[PDB]
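Everything in the sequence shown is counted per our numbering, starting at 33 for the first residue and increasing by one.
We treat Cβ as the ideally placed atom computed from N, Cα and C, and that holds for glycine.
Below: one structure, written as structure tokens.
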Amino acid sequence: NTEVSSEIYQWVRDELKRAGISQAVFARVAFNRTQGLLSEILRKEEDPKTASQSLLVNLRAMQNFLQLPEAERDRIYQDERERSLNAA
């Protein structure tokens with residue numbers, strides 16, 4: 033109804049295939065922490081019902097990001113090279 037369901041994992045797969053970006057990006061914008069973790073979380077696909085504390089927090093952040101408007105995600109997905117260097 034309004035709880036953390038398996039849809040969270042399915043959303044990430046759909047968002048990644050729809051948007052068309054690397055895991056490093058979606059992982060940095062979804063839940064900044066450490067690369068490679070998203071792989072283990074997606075591989076197991078364990079439901080929050082039988083998930084750990086650290087796991088529940090991961091899906092919680094991913095949900096808020098997916099719930100946010102596309103306009104916001106677009107600005108985040110685009111803005112990557114904030115420190116755009118210059119050629120002398």
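{"Item": "Supposed contact pair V36 and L91 - C-beta distance, whole angstroms, cut 8 Å", "Value": "5 Å"}
{"Item": "Rounded straight-line distance, which links the Cα of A59 to that of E77", "Value": "16 Å"}
{"Item": "For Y109 and residue 24, the rounded distance between their alpha carbons", "Value": "The first residue shown for the chain is 33 and the last is 120, placing residue 24 beyond what the model contains."}
{"Item": "Contact check, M94 vs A51, beta carbons under 9 Å", "Value": "no"}
{"Item": "Sequence-distant residues of its chain with Cβ nearer than 7 Å to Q67 (five each side left out)", "Value": "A56 and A59"}
{"Item": "Every unbroken alpha helix (DSSP H) inside the segment 50–100 [4 residues or more]", "Value": "55–62, 69–76 and 85–99"}
{"Item": "Residue interval of the alpha helix (DSSP H) (run including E102)", "Value": "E102 to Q110"}
{"Item": "Assigned secondary structure, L117 (DSSP; H/G/I helix, E/B strand, else coil)", "Value": "coil"}
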